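See below for model-v9.txt, which holds compact mmCIF, N, CA, C and O atoms.
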# COMPACT_ATOMS: atom_id res chain seq x y z
N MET A 207 -108.65 -81.12 -43.81
CA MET A 207 -108.32 -82.33 -44.63
C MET A 207 -107.21 -83.17 -43.88
O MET A 207 -107.50 -84.29 -43.47
N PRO A 208 -105.94 -82.66 -43.68
CA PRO A 208 -104.85 -83.48 -42.95
C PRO A 208 -105.29 -83.84 -41.49
O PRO A 208 -105.69 -84.96 -41.22
N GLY A 209 -105.22 -82.84 -40.56
CA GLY A 209 -105.62 -83.02 -39.11
C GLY A 209 -104.81 -84.13 -38.41
O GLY A 209 -105.33 -85.21 -38.14
N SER A 210 -103.52 -83.84 -38.12
CA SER A 210 -102.56 -84.81 -37.43
C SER A 210 -101.39 -84.04 -36.78
O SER A 210 -100.36 -84.61 -36.50
N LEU A 211 -101.62 -82.74 -36.54
CA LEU A 211 -100.62 -81.78 -35.88
C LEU A 211 -100.63 -82.07 -34.35
O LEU A 211 -99.62 -82.07 -33.68
N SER A 212 -101.85 -82.33 -33.83
CA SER A 212 -102.09 -82.64 -32.36
C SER A 212 -101.22 -83.84 -31.87
O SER A 212 -100.85 -83.92 -30.72
N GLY A 213 -100.92 -84.75 -32.82
CA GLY A 213 -100.08 -85.99 -32.56
C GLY A 213 -98.60 -85.63 -32.39
O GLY A 213 -97.89 -86.25 -31.60
N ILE A 214 -98.13 -84.62 -33.16
CA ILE A 214 -96.69 -84.13 -33.15
C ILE A 214 -96.35 -83.49 -31.77
O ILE A 214 -95.23 -83.63 -31.27
N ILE A 215 -97.34 -82.77 -31.17
CA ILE A 215 -97.16 -82.07 -29.82
C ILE A 215 -96.95 -83.13 -28.69
O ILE A 215 -96.15 -82.93 -27.81
N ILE A 216 -97.72 -84.25 -28.75
CA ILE A 216 -97.62 -85.39 -27.73
C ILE A 216 -96.27 -86.14 -27.92
O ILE A 216 -95.66 -86.60 -26.96
N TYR A 217 -95.86 -86.30 -29.20
CA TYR A 217 -94.61 -87.06 -29.61
C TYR A 217 -93.29 -86.44 -29.05
O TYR A 217 -92.43 -87.17 -28.54
N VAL A 218 -93.11 -85.10 -29.18
CA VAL A 218 -91.83 -84.39 -28.71
C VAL A 218 -91.60 -84.60 -27.18
O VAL A 218 -90.47 -84.59 -26.72
N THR A 219 -92.70 -84.81 -26.40
CA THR A 219 -92.62 -85.04 -24.89
C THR A 219 -91.92 -86.38 -24.59
O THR A 219 -91.03 -86.46 -23.75
N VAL A 220 -92.37 -87.44 -25.30
CA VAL A 220 -91.82 -88.85 -25.14
C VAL A 220 -90.36 -88.89 -25.67
O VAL A 220 -89.46 -89.34 -24.98
N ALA A 221 -90.16 -88.39 -26.92
CA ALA A 221 -88.79 -88.36 -27.59
C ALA A 221 -87.73 -87.64 -26.70
O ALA A 221 -86.57 -88.02 -26.69
N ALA A 222 -88.18 -86.59 -25.94
CA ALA A 222 -87.26 -85.79 -25.03
C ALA A 222 -86.70 -86.68 -23.88
O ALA A 222 -85.52 -86.62 -23.58
N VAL A 223 -87.58 -87.50 -23.25
CA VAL A 223 -87.17 -88.43 -22.10
C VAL A 223 -86.28 -89.57 -22.66
O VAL A 223 -85.24 -89.88 -22.10
N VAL A 224 -86.72 -90.19 -23.78
CA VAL A 224 -85.96 -91.33 -24.46
C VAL A 224 -84.54 -90.86 -24.88
O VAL A 224 -83.60 -91.65 -24.85
N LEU A 225 -84.39 -89.57 -25.27
CA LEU A 225 -83.05 -88.98 -25.72
C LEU A 225 -82.04 -88.96 -24.53
O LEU A 225 -80.86 -89.24 -24.71
N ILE A 226 -82.54 -88.62 -23.31
CA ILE A 226 -81.69 -88.56 -22.04
C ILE A 226 -81.28 -90.01 -21.63
O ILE A 226 -80.14 -90.27 -21.31
N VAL A 227 -82.26 -90.94 -21.63
CA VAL A 227 -82.06 -92.40 -21.25
C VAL A 227 -81.14 -93.14 -22.27
O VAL A 227 -80.40 -94.03 -21.89
N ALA A 228 -81.26 -92.80 -23.57
CA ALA A 228 -80.49 -93.51 -24.69
C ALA A 228 -78.94 -93.43 -24.49
O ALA A 228 -78.24 -94.35 -24.89
N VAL A 229 -78.42 -92.34 -23.87
CA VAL A 229 -76.91 -92.18 -23.63
C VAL A 229 -76.43 -93.23 -22.58
O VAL A 229 -75.40 -93.87 -22.76
N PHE A 230 -77.22 -93.39 -21.48
CA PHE A 230 -76.89 -94.38 -20.36
C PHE A 230 -76.98 -95.84 -20.89
O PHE A 230 -76.12 -96.66 -20.60
N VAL A 231 -78.03 -96.14 -21.70
CA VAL A 231 -78.22 -97.53 -22.31
C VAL A 231 -77.06 -97.84 -23.31
O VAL A 231 -76.59 -98.96 -23.38
N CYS A 232 -76.62 -96.81 -24.08
CA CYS A 232 -75.49 -96.95 -25.10
C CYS A 232 -74.12 -97.23 -24.41
O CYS A 232 -73.39 -98.13 -24.80
N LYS A 233 -73.80 -96.42 -23.37
CA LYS A 233 -72.49 -96.53 -22.59
C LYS A 233 -72.48 -97.80 -21.70
O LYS A 233 -71.46 -98.48 -21.61
N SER A 234 -73.62 -98.11 -21.04
CA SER A 234 -73.73 -99.32 -20.11
C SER A 234 -73.56 -100.64 -20.90
O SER A 234 -73.39 -101.67 -20.28
N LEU A 235 -73.61 -100.58 -22.26
CA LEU A 235 -73.46 -101.80 -23.18
C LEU A 235 -71.96 -101.97 -23.56
O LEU A 235 -71.45 -103.08 -23.67
N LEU A 236 -71.26 -100.82 -23.78
CA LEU A 236 -69.78 -100.80 -24.20
C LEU A 236 -68.86 -100.99 -22.96
O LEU A 236 -67.76 -101.50 -23.09
N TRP A 237 -69.35 -100.57 -21.76
CA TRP A 237 -68.58 -100.69 -20.44
C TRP A 237 -68.89 -102.04 -19.75
O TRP A 237 -68.30 -102.34 -18.73
N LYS A 238 -69.81 -102.86 -20.34
CA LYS A 238 -70.20 -104.23 -19.76
C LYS A 238 -69.00 -105.22 -19.92
O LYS A 238 -69.02 -106.31 -19.38
N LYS A 239 -67.94 -104.76 -20.63
CA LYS A 239 -66.66 -105.53 -20.86
C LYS A 239 -66.88 -106.72 -21.84
O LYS A 239 -65.96 -107.48 -22.06
N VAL A 240 -68.10 -106.83 -22.44
CA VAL A 240 -68.44 -107.93 -23.45
C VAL A 240 -68.00 -107.42 -24.85
O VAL A 240 -68.44 -106.36 -25.27
N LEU A 241 -67.11 -108.17 -25.55
CA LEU A 241 -66.58 -107.80 -26.94
C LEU A 241 -67.44 -108.58 -28.00
O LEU A 241 -67.32 -109.80 -28.01
N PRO A 242 -68.28 -107.95 -28.90
CA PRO A 242 -69.10 -108.73 -29.96
C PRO A 242 -68.27 -109.80 -30.74
O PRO A 242 -67.06 -109.75 -30.66
N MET B 207 -109.29 -60.80 -17.57
CA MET B 207 -109.36 -62.28 -17.72
C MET B 207 -109.06 -62.64 -19.23
O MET B 207 -109.87 -63.30 -19.86
N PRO B 208 -107.89 -62.21 -19.82
CA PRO B 208 -107.55 -62.54 -21.28
C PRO B 208 -107.19 -64.04 -21.42
O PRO B 208 -107.48 -64.67 -22.43
N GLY B 209 -106.54 -64.59 -20.37
CA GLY B 209 -106.10 -66.04 -20.30
C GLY B 209 -105.03 -66.35 -21.38
O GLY B 209 -105.08 -65.79 -22.46
N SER B 210 -104.06 -67.25 -21.06
CA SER B 210 -102.94 -67.66 -22.00
C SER B 210 -102.25 -68.93 -21.45
O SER B 210 -101.05 -69.12 -21.59
N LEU B 211 -103.08 -69.81 -20.83
CA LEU B 211 -102.60 -71.12 -20.23
C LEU B 211 -102.27 -72.13 -21.35
O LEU B 211 -101.48 -73.04 -21.16
N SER B 212 -102.89 -71.96 -22.53
CA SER B 212 -102.65 -72.85 -23.73
C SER B 212 -101.22 -72.61 -24.30
O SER B 212 -100.67 -73.46 -24.97
N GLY B 213 -100.68 -71.41 -24.02
CA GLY B 213 -99.31 -70.98 -24.49
C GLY B 213 -98.16 -71.66 -23.73
O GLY B 213 -97.23 -72.18 -24.35
N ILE B 214 -98.19 -71.63 -22.36
CA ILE B 214 -97.08 -72.23 -21.49
C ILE B 214 -97.04 -73.78 -21.64
O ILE B 214 -95.96 -74.37 -21.65
N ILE B 215 -98.24 -74.43 -21.76
CA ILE B 215 -98.34 -75.96 -21.91
C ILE B 215 -97.64 -76.43 -23.23
O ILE B 215 -96.97 -77.45 -23.24
N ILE B 216 -97.82 -75.69 -24.35
CA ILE B 216 -97.16 -76.05 -25.69
C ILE B 216 -95.62 -75.78 -25.59
O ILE B 216 -94.81 -76.56 -26.08
N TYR B 217 -95.27 -74.60 -25.02
CA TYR B 217 -93.83 -74.11 -24.91
C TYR B 217 -92.92 -74.95 -23.95
O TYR B 217 -91.75 -75.14 -24.25
N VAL B 218 -93.44 -75.41 -22.77
CA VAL B 218 -92.58 -76.18 -21.75
C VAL B 218 -91.96 -77.46 -22.39
O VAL B 218 -90.87 -77.87 -22.02
N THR B 219 -92.69 -78.07 -23.36
CA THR B 219 -92.22 -79.32 -24.10
C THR B 219 -91.03 -78.99 -25.02
O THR B 219 -90.02 -79.67 -25.02
N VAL B 220 -91.20 -77.90 -25.82
CA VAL B 220 -90.15 -77.40 -26.80
C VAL B 220 -88.93 -76.86 -26.01
O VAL B 220 -87.80 -76.97 -26.45
N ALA B 221 -89.21 -76.25 -24.83
CA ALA B 221 -88.14 -75.65 -23.92
C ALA B 221 -87.11 -76.73 -23.48
O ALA B 221 -85.93 -76.44 -23.31
N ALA B 222 -87.60 -77.98 -23.29
CA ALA B 222 -86.74 -79.15 -22.86
C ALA B 222 -85.79 -79.60 -24.00
O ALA B 222 -84.64 -79.90 -23.77
N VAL B 223 -86.34 -79.68 -25.24
CA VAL B 223 -85.56 -80.15 -26.47
C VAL B 223 -84.41 -79.16 -26.84
O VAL B 223 -83.31 -79.60 -27.15
N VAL B 224 -84.68 -77.82 -26.84
CA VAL B 224 -83.62 -76.78 -27.22
C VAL B 224 -82.48 -76.76 -26.16
O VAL B 224 -81.33 -76.48 -26.48
N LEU B 225 -82.85 -77.03 -24.87
CA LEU B 225 -81.88 -77.01 -23.70
C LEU B 225 -80.78 -78.11 -23.83
O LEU B 225 -79.65 -77.88 -23.42
N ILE B 226 -81.14 -79.30 -24.37
CA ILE B 226 -80.15 -80.47 -24.53
C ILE B 226 -79.09 -80.14 -25.63
O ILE B 226 -77.90 -80.29 -25.40
N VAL B 227 -79.53 -79.75 -26.84
CA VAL B 227 -78.59 -79.42 -28.01
C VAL B 227 -77.74 -78.14 -27.73
O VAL B 227 -76.60 -78.06 -28.14
N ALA B 228 -78.35 -77.11 -27.07
CA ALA B 228 -77.66 -75.76 -26.81
C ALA B 228 -76.34 -75.91 -25.98
O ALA B 228 -75.32 -75.33 -26.34
N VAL B 229 -76.38 -76.69 -24.87
CA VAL B 229 -75.16 -76.92 -23.98
C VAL B 229 -74.04 -77.65 -24.79
O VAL B 229 -72.86 -77.40 -24.58
N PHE B 230 -74.43 -78.56 -25.73
CA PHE B 230 -73.43 -79.34 -26.61
C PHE B 230 -72.75 -78.36 -27.63
O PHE B 230 -71.55 -78.41 -27.84
N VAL B 231 -73.56 -77.45 -28.24
CA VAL B 231 -73.05 -76.41 -29.24
C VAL B 231 -72.16 -75.36 -28.50
O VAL B 231 -71.23 -74.82 -29.08
N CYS B 232 -72.49 -75.09 -27.21
CA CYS B 232 -71.72 -74.08 -26.36
C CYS B 232 -70.26 -74.57 -26.11
O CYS B 232 -69.33 -73.78 -26.12
N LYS B 233 -70.11 -75.90 -25.89
CA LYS B 233 -68.77 -76.57 -25.64
C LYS B 233 -67.99 -76.74 -26.97
O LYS B 233 -66.77 -76.67 -26.98
N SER B 234 -68.72 -76.97 -28.09
CA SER B 234 -68.06 -77.17 -29.46
C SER B 234 -67.32 -75.88 -29.90
O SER B 234 -66.39 -75.93 -30.69
N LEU B 235 -67.76 -74.73 -29.33
CA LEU B 235 -67.16 -73.36 -29.60
C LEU B 235 -65.89 -73.16 -28.72
O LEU B 235 -64.97 -72.46 -29.11
N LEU B 236 -65.91 -73.76 -27.50
CA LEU B 236 -64.78 -73.64 -26.45
C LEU B 236 -63.76 -74.82 -26.55
O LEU B 236 -62.71 -74.76 -25.95
N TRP B 237 -64.08 -75.85 -27.39
CA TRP B 237 -63.18 -77.06 -27.68
C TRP B 237 -62.81 -76.97 -29.15
O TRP B 237 -62.28 -77.90 -29.74
N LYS B 238 -63.09 -75.78 -29.73
CA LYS B 238 -62.81 -75.43 -31.14
C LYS B 238 -61.29 -75.45 -31.34
O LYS B 238 -60.52 -75.54 -30.40
N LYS B 239 -60.90 -75.37 -32.60
CA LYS B 239 -59.44 -75.38 -33.07
C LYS B 239 -58.60 -74.28 -32.33
O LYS B 239 -57.38 -74.31 -32.39
N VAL B 240 -59.28 -73.38 -31.56
CA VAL B 240 -58.62 -72.31 -30.69
C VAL B 240 -59.38 -72.39 -29.33
O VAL B 240 -60.59 -72.22 -29.30
N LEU B 241 -58.63 -72.67 -28.23
CA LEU B 241 -59.15 -72.81 -26.81
C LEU B 241 -58.22 -71.96 -25.88
O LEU B 241 -57.03 -71.94 -26.15
N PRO B 242 -58.71 -71.23 -24.81
CA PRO B 242 -57.79 -70.38 -23.91
C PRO B 242 -56.92 -71.29 -23.01
O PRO B 242 -57.09 -72.50 -23.07
N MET C 207 -116.62 -92.64 -15.95
CA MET C 207 -115.39 -92.64 -15.12
C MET C 207 -114.22 -93.33 -15.93
O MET C 207 -113.60 -94.25 -15.41
N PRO C 208 -113.87 -92.87 -17.18
CA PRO C 208 -112.72 -93.50 -17.99
C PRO C 208 -111.34 -93.03 -17.44
O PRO C 208 -110.43 -92.71 -18.19
N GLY C 209 -111.23 -92.99 -16.08
CA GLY C 209 -109.96 -92.55 -15.36
C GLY C 209 -109.69 -91.05 -15.58
O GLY C 209 -110.58 -90.24 -15.37
N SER C 210 -108.45 -90.70 -16.02
CA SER C 210 -108.02 -89.27 -16.29
C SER C 210 -106.67 -89.28 -17.06
O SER C 210 -105.63 -88.93 -16.52
N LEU C 211 -106.72 -89.70 -18.36
CA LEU C 211 -105.50 -89.79 -19.26
C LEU C 211 -104.91 -88.38 -19.53
O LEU C 211 -103.77 -88.25 -19.93
N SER C 212 -105.72 -87.33 -19.28
CA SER C 212 -105.27 -85.89 -19.47
C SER C 212 -104.23 -85.51 -18.38
O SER C 212 -103.47 -84.58 -18.55
N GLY C 213 -104.26 -86.25 -17.25
CA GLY C 213 -103.33 -86.02 -16.08
C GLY C 213 -101.89 -86.49 -16.34
O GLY C 213 -100.94 -85.74 -16.09
N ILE C 214 -101.71 -87.76 -16.82
CA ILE C 214 -100.32 -88.36 -17.08
C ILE C 214 -99.61 -87.61 -18.25
O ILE C 214 -98.40 -87.41 -18.21
N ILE C 215 -100.39 -87.21 -19.30
CA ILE C 215 -99.82 -86.46 -20.52
C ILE C 215 -99.20 -85.10 -20.07
O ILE C 215 -98.16 -84.71 -20.58
N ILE C 216 -99.86 -84.36 -19.14
CA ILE C 216 -99.32 -83.02 -18.62
C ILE C 216 -98.06 -83.27 -17.73
O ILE C 216 -97.13 -82.48 -17.73
N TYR C 217 -98.11 -84.36 -16.93
CA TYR C 217 -97.01 -84.72 -15.94
C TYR C 217 -95.64 -85.08 -16.60
O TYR C 217 -94.60 -84.64 -16.12
N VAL C 218 -95.65 -85.92 -17.68
CA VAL C 218 -94.34 -86.39 -18.36
C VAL C 218 -93.50 -85.18 -18.87
O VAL C 218 -92.28 -85.26 -18.95
N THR C 219 -94.19 -84.05 -19.20
CA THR C 219 -93.51 -82.77 -19.69
C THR C 219 -92.71 -82.11 -18.55
O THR C 219 -91.57 -81.72 -18.71
N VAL C 220 -93.39 -81.97 -17.38
CA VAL C 220 -92.79 -81.33 -16.14
C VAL C 220 -91.64 -82.24 -15.60
O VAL C 220 -90.55 -81.77 -15.32
N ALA C 221 -91.92 -83.56 -15.50
CA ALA C 221 -90.92 -84.59 -14.99
C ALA C 221 -89.58 -84.51 -15.78
O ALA C 221 -88.51 -84.74 -15.22
N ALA C 222 -89.67 -84.19 -17.10
CA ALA C 222 -88.46 -84.08 -18.02
C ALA C 222 -87.55 -82.88 -17.60
O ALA C 222 -86.34 -83.01 -17.55
N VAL C 223 -88.18 -81.72 -17.29
CA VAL C 223 -87.45 -80.45 -16.87
C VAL C 223 -86.85 -80.64 -15.45
O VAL C 223 -85.73 -80.24 -15.18
N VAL C 224 -87.64 -81.28 -14.54
CA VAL C 224 -87.22 -81.56 -13.10
C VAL C 224 -85.98 -82.50 -13.09
O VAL C 224 -85.12 -82.38 -12.22
N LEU C 225 -85.92 -83.46 -14.05
CA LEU C 225 -84.78 -84.47 -14.14
C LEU C 225 -83.40 -83.79 -14.44
O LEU C 225 -82.38 -84.17 -13.88
N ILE C 226 -83.40 -82.79 -15.38
CA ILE C 226 -82.13 -82.06 -15.81
C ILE C 226 -81.55 -81.19 -14.65
O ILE C 226 -80.37 -81.24 -14.37
N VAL C 227 -82.39 -80.34 -14.02
CA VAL C 227 -81.95 -79.40 -12.89
C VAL C 227 -81.54 -80.16 -11.60
O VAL C 227 -80.67 -79.72 -10.87
N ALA C 228 -82.26 -81.27 -11.28
CA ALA C 228 -82.06 -82.05 -9.98
C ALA C 228 -80.60 -82.58 -9.79
O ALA C 228 -80.05 -82.45 -8.70
N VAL C 229 -79.98 -83.16 -10.85
CA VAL C 229 -78.54 -83.70 -10.74
C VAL C 229 -77.55 -82.56 -10.34
O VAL C 229 -76.60 -82.80 -9.60
N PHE C 230 -77.79 -81.30 -10.83
CA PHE C 230 -76.91 -80.09 -10.47
C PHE C 230 -77.13 -79.69 -8.98
O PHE C 230 -76.19 -79.40 -8.26
N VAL C 231 -78.42 -79.69 -8.53
CA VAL C 231 -78.81 -79.33 -7.09
C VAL C 231 -78.25 -80.43 -6.12
O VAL C 231 -77.77 -80.11 -5.04
N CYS C 232 -78.33 -81.72 -6.54
CA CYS C 232 -77.82 -82.89 -5.72
C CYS C 232 -76.26 -82.82 -5.61
O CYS C 232 -75.69 -83.07 -4.58
N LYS C 233 -75.61 -82.44 -6.74
CA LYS C 233 -74.09 -82.31 -6.84
C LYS C 233 -73.62 -81.04 -6.08
O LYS C 233 -72.51 -81.00 -5.58
N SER C 234 -74.50 -80.01 -6.02
CA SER C 234 -74.19 -78.71 -5.30
C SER C 234 -74.12 -78.94 -3.77
O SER C 234 -73.32 -78.34 -3.08
N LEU C 235 -75.03 -79.82 -3.27
CA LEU C 235 -75.17 -80.16 -1.78
C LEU C 235 -73.86 -80.80 -1.20
O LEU C 235 -73.50 -80.53 -0.07
N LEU C 236 -73.17 -81.65 -2.01
CA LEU C 236 -71.87 -82.35 -1.58
C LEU C 236 -70.69 -81.35 -1.73
O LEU C 236 -69.70 -81.46 -1.02
N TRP C 237 -70.83 -80.39 -2.68
CA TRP C 237 -69.76 -79.32 -2.96
C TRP C 237 -70.00 -78.07 -2.05
O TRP C 237 -69.19 -77.16 -2.06
N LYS C 238 -71.11 -78.07 -1.25
CA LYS C 238 -71.46 -76.93 -0.28
C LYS C 238 -70.73 -77.18 1.07
O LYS C 238 -70.47 -76.25 1.82
N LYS C 239 -70.44 -78.47 1.35
CA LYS C 239 -69.74 -78.93 2.63
C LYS C 239 -68.29 -78.39 2.67
O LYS C 239 -67.77 -78.08 3.74
N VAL C 240 -67.67 -78.28 1.47
CA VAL C 240 -66.26 -77.76 1.26
C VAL C 240 -66.32 -76.70 0.12
O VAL C 240 -66.79 -76.98 -0.97
N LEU C 241 -65.86 -75.44 0.42
CA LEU C 241 -65.86 -74.26 -0.54
C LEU C 241 -64.45 -74.20 -1.22
O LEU C 241 -63.48 -74.48 -0.53
N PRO C 242 -64.28 -73.86 -2.55
CA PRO C 242 -62.89 -73.82 -3.22
C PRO C 242 -62.08 -72.61 -2.72
O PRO C 242 -62.61 -71.83 -1.94

Turn this file's structure into structure tokens for me.
Amino acid sequence: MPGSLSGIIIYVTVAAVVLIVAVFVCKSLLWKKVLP
Amino acid sequence: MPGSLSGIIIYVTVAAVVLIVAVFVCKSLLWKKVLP
Amino acid sequence: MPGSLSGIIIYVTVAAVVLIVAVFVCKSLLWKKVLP
């Protein structure tokens, strides 16, 4: 009836790479010396 | 010829996610309210 | 001949594990020239 578990296995692969890149994108915005 | 190639392919993805949080929890214990 | 989408999905998992270990091996090579 559900059948959408196969989608969760593909998702954790992408989320793992985006989690490592998100720290560099967050710090490179606060160290750009631009004050909002 | 029992085969178990379907096991390592599912596990290598989950192995990457536990490795990122584990090193952060290891330092929270050594930067705790008591440090040597 | 719809290409081979099964190839890139297996690769992004391995590339994630290779990215974490490589920065320690690259940092070890500059710290191997001088021993503490």

Discussion item. For a quick check: superposing chain A on chain C using all C-alpha atoms in order, what RMSD comes out?
Written reply: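 Least-squares fit of chain A onto chain C, C-alpha RMSD 3.5 Å.
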
Sorted by chain and rising residue number, which residues of chain A lie within 8 Å of chain C, and what are their closest atom pairs and distances in Å to one decimal, counting only N, CA, C and O atoms, as CSV?
residue,atom,partner,partner_atom,distance
A:215,O,C:215,O,7.7
A:216,O,C:215,O,7.1
A:218,O,C:219,CA,7.9
A:219,O,C:218,O,5.1
A:220,N,C:218,O,6.7
A:222,C,C:222,CA,6.6
A:223,CA,C:222,CA,6.1

Item to complete: Using backbone DSSP assignments, extract all alpha helix (DSSP H) residues from chain B; output them as a PyMOL selection string.
Response: chain B and resi 211-236

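Between atom C of residue 230 in chain A and atom O of residue 237 in chain C the interatomic distance comes to 27.6 Å.
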
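Of note, CA of residue 232 in chain C and CA of residue 227 in chain A are spaced 18.7 Å apart.
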
Item to complete: Would you mind reading off the distance between atom C of residue 242 in chain C and CA of residue 242 in chain B, one decimal, in Å?
Response: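 Atom C of residue 242 in chain C sits 21.7 Å away from CA of residue 242 in chain B.
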